[PDB]
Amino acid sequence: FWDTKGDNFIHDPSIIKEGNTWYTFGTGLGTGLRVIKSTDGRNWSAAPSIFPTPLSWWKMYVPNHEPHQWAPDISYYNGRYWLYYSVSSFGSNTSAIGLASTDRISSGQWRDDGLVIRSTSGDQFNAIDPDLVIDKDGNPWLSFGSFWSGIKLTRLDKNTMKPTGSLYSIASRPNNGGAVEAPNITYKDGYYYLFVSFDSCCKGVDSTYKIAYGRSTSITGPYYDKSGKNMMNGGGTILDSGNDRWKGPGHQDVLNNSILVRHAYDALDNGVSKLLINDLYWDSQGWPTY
C-alpha cells in the first residue's frame, strides 16, 4: 500500500483530489468533520475542520447528536463538490444525513444544503455512512445504511441532490446481525461494484472489520459474489481482512476506479485508526483486487 506518515489519523475516510492536493474527509476529531491534506499522497497534515460549530437543524432531527459528525463522502459532480455527512449517536437509530457543498475545497467555505434523509426508531435502517455514485448515464444515486435491514440505495435528482423515488435494498446480512455498513458503489466496464464493510468497527486492535465487494449489471440489480451469492443474503467476497500490523480494515471508498482508501487499526500504536491508501486494480474478470 501507500505508507502514510505524519498526521495520518482518520476514521471513516473518503478521498478526493483537487489540483495536486489530496483531501481525505473523515469522522470529525472533537467537533464537526476531520480533513487532512497531502501533496504527495504519503505525508498528511491537518486541515480546517468542517462545521466547527454544530448546525442548528441537527438538533431538530438528531437532538442527542454527538459533537463530531461521522462518515463524510466527498465528490465532484455537475460542476460542484458534494459533501454528504452523518448526524447520529453511536449504536443509535436516530440518525440524519446532511449535505454540504462548495465550488472549491481550498476556499474552505461550505454551503448548508440541508437534510438528505432521516431515520427514527420506527425505521428499519440507519441514515449514516452516505456515498454518492453516478450512473453510467450520468445520474446521481446515494447508497447508505448501517446494520438493521442493511444497505439502502436511492436515486437523487440532479436539481436538489436529495432522494427521489423509493429506497432499494442492495445488501443485507440477516444471519450475522446485519453487520454491514459503509457502502460505496462504482461503475466500471458494464458492472456496478458495491463495496461494504463487514462486522464490528470500534474495537481497535481487536475489532473484526472486513471489506467485501459485489457486482451487478444494474445499479439496483442483485449484487453477487465471485461465488454467486447475493449480497442481500450476506454475500460478500472479502477484499481485505487485515494482516499482523493493520487490524480490522473498513469504511473504504474508491476514487477514479483506481484508488481504494481505508482506515485500519495500527497494532503497533495501541490500535489508533490510521489512513491506508491502495492503488486498486482489476483481475481478468473485472473484479477489484489490490
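Start at 1 and count along the sequence shown; that's the residue number.
A.B. asks: Please compare 248-256 with 56-64 and name the stretch with the higher mean C-alpha B-factor in the deposited structure.
C.D. replies: Taking the mean C-alpha B-factor of 248-256 and of 56-64, the larger value falls to 56-64.
A.B. asks: Report the option among 169, 186, 200, 102 whose CA atom has the maximum B-factor in the deposited record.
C.D. replies: The record points to 200.
A.B. asks: Among the choices 81, 195, 110, 191, identify the one whose CA B-factor in the record is greatest.
C.D. replies: Answer, based on the entry's C-alpha B-factors: 191.
A.B. asks: Using the B-factors in the PDB entry, rank residue 204's C-alpha atom against the chain and give the third, lowest, middle or highest.
C.D. replies: Answer is highest: the recorded C-alpha B-factor places it there.
A.B. asks: Based on the deposited C-alpha B factors for this chain, I'd like to know if residue 14 is in the lowest, middle or highest third.
C.D. replies: It belongs to the lowest third of the chain when residues are ordered by C-alpha B-factor.
A.B. asks: Can you work out whether the C-alpha temperature factor of residue 73 puts it in the lowest, middle or highest third of the chain?
C.D. replies: For residue 73, the deposited C-alpha B-factor lands in the middle third.
A.B. asks: Divide the modelled residues of the chain into thirds by Cα B-factor and specify which third, lowest, middle or highest, holds residue 140.
C.D. replies: Tercile = lowest for this residue's CA B-factor.
A.B. asks: Which third, lowest, middle or highest, does the CA B-factor of residue 89 fall in along this chain?
C.D. replies: Middle third of the chain for residue 89's C-alpha B-factor.
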